[PDB]
Amino acid sequence: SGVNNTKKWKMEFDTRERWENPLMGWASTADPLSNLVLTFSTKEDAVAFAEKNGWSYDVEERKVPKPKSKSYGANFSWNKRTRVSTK
Amino acid sequence: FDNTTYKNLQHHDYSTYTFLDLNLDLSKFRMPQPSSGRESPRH
């Protein structure tokens, strides 16, 4: 339930091939950027960084949970379906 | 006027269904129940 890892903007790159090492079976890679992950305060900062480095990019708008209406009293509604059968 | 005998002895003759039999007896005296409007919260 913690939301502290959703505060900042991230920039990662497209995933490329990983293959089994013939000797041990370890995951090999030839992608130098496979682990690169940058952090940004805003999406403008991330876009600015991508633009000056020549990377083409996709920006996905931040998804924020929409505010909910909570009411403990509704658990015992006289005539509504919100009444709970168990606690 | 007497104050030396116990006058609560009827319950020595109560049985398994005494309480529910009285509830059945009282059924004809009640006012009609209110209604939530639906058969149950799951309707």
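The basis for the numbers below is simple: all heavy atoms, side chains too, and nothing from hydrogens, waters or symmetry mates. Naming convention: chains lettered A, B, ... in sequence-line order (proteins, then strands); numbering from 1 in each chain.
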Just by modelled atom types, is the [Y] backbone N or O under 3.5 Å from a matching donor or acceptor in the [X] side chain?
{"X": "A/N75", "Y": "A/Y72", "value": "yes"}
{"X": "B/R38", "Y": "A/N79", "value": "yes"}
{"X": "A/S77", "Y": "A/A74", "value": "no"}
{"X": "A/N53", "Y": "A/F49", "value": "yes"}

With side-chain contact (heavy atoms from CB on, under 4.5 Å) as the criterion, how do A/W9 and A/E44 come out once you've worked through the C-alpha distance, each side chain's angles and the decisive distance to 0.1 Å? CA-CA 10 Å; A/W9 288 83; A/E44 286 62 56; over 6 Å; no
Smallest separation among heavy atoms of [X] and [Y], with atom names:
{"X": "A/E20", "Y": "A/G25", "answer": "CG-O, 4.0 Å"}
{"X": "A/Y57", "Y": "A/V47", "answer": "OH-CG1, 3.3 Å"}
{"X": "A/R81", "Y": "B/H43", "answer": "NE-O, 2.9 Å"}
{"X": "A/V84", "Y": "A/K87", "answer": "CG2-CG, 4.4 Å"}
{"X": "B/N23", "Y": "B/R30", "answer": "OD1-NH2, 3.8 Å"}

Could you tell me if the side chain of A/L38 sits less than 4.5 Å from the side chain of A/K10, heavy atoms only? no
To the closest 0.5 Å, what do you measure between [atom1] ([X]) and [atom2] ([Y])?
{"X": "A/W19", "Y": "A/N21", "atom1": "CH2", "atom2": "CG", "value": "9.5 Å"}
{"X": "A/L33", "Y": "A/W55", "atom1": "CG", "atom2": "CH2", "value": "7.0 Å"}
{"X": "A/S34", "Y": "A/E12", "atom1": "OG", "atom2": "CD", "value": "11.0 Å"}
{"X": "A/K43", "Y": "A/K8", "atom1": "NZ", "atom2": "NZ", "value": "15.0 Å"}
{"X": "A/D14", "Y": "A/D31", "atom1": "CG", "atom2": "CG", "value": "7.0 Å"}
{"X": "B/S40", "Y": "A/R83", "atom1": "OG", "atom2": "CZ", "value": "10.5 Å"}

With clusters defined by side-chain heavy atoms of hydrophobic residues (ILVMFWY) lying less than 4.5 Å apart, directly or transitively, does [Y] cluster with [X]?
{"X": "A/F40", "Y": "A/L36", "answer": "yes"}
{"X": "B/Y14", "Y": "B/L22", "answer": "no"}
{"X": "B/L24", "Y": "B/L20", "answer": "no"}

Crowded around [X] [atom1]? As in, over 12 foreign heavy atoms under 6.0 Å?
{"X": "A/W78", "atom1": "CH2", "value": "yes"}
{"X": "B/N8", "atom1": "CG", "value": "yes"}
{"X": "B/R42", "atom1": "CZ", "value": "no"}
{"X": "A/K63", "atom1": "NZ", "value": "no"}

Show your reasoning for whether side-chain contact (heavy atoms from CB on, under 4.5 Å) applies to A/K68 and A/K66. CA-CA 6 Å; A/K68 319 292 197 293; A/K66 94 193 185 192; 4.2 Å; yes
For the residue pair B/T4 / B/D2, report whether a side-chain donor-acceptor contact shorter than 3.5 Å exists.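 Yes, because at least one side-chain N or O of B/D2 sits under 3.5 Å from a partner of the opposite role on B/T4.
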Just by distance, no angles: are the side chains of A/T42 and A/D45 close enough, under 3.5 Å, to form a donor-acceptor pair? yes
